[PDB]
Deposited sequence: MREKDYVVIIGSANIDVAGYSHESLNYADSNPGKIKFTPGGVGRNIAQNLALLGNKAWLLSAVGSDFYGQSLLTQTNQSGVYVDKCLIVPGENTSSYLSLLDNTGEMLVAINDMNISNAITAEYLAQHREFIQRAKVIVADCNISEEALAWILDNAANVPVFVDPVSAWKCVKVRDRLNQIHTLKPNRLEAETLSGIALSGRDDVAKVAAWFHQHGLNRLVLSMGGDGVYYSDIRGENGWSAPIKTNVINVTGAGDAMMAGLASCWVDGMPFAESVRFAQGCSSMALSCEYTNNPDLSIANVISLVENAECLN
């Protein structure tokens, strides 16, 4: 009865492209994918074999319930997700071409994931092996999670350069943070011009009380640092990338899962990279052939 709790946003990604110029109902292709950092992480966790509870918010509309249902049949326990009356399920609209042209995000239902709401599941949350939170939620909600985790490790996904900042004053309450270059720069106030500067950035994070840093630098690789002194680089699992979406979602899932499985820091980072790689090689936001098995086959094939 070990379970993982993911507190994040549940979205519908809608992607459309043509086969193009404006003020015209132009023929093309549209796809509805299930999305949202929290939701995607929960799903990757279920595909990794953990029993994952999603604490998110969808609307009273029917498409919310289709998001929930689709998520549930992926192995995720969505029966505490909040259904909000009157308001609409959040979404990520994305206009492409044969390659993004533009994108809209409507994610205000994330503000419904309140302190009140999580407080009604305090005990349940405090009896998880691991809590994973994304920064789509309000500052009040993230503060509540970090203040009432009862020594349950909180893994935090910073999401964006804009949304990561709510983490700055609470690095001492976070077990593992996984920022990208821009996010780390935005948090520390130190430029990540090159591979020379990861040390000062990590040192900044550790002096502000961050237990573990998992820093994705892109092509440079992943730099990981433990406040107890262990640090290192891991070079990318070089891959045939079709779409990049769900990469970080998969990596977060890998980190939390490996932690729950008793794996060491470095090897958990390598495994997580394998996961994100599987994500990079799938047209969909989450890969339904993500497994401990073929992630390990992607890793031993190093």
- Which ranges of the deposited chain go unmodelled, in order along the sequence? 1 to 3, 23 to 24, 104 to 105, 310 to 313
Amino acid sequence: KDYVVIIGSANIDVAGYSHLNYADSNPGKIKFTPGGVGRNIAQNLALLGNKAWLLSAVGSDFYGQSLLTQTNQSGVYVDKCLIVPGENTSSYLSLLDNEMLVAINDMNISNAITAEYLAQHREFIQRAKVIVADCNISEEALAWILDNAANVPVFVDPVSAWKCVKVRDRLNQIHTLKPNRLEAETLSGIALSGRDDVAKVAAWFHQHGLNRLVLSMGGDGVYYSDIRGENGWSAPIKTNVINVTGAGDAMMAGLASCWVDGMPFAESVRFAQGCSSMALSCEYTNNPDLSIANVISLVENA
From here on, numbers count along this sequence of modelled residues.
- Query: Out of the other entries of this protein with residues modelled on both sides, is residue 98 skipped in at least a third?
  - Reply: yes
- So which stretch wins on mean C-alpha B-factor, 77 to 85 or 171 to 179? 77 to 85
- Query: If you average the CA temperature factors over each stretch, which comes out higher, 286 to 294 or 10 to 18?
  - Reply: 286 to 294
- Per the entry, which of 143, 132, 214, 109 tops the list for Cα B factor? 109
- Task: In terms of CA temperature factor as recorded, identify the highest of 43, 50, 26, 69.
- Result: 26
- Item | Third assignment of residue 198 from its chain's C-alpha B-factors | middle
- Can you tell me which third, lowest, middle or highest, the CA B-factor of residue 152 falls into for its chain? lowest
- Message: For the chain shown, is the CA B-factor of residue 232 in the lowest, middle or highest third of its modelled residues?
- Response: middle
- Message: Sorting by Cα B-factor within the chain, modelled residues only, which third would residue 192 end up in: lowest, middle or highest?
- Response: middle
- Where does residue 64 sit by CA temperature factor within its chain: lowest, middle or highest third? middle
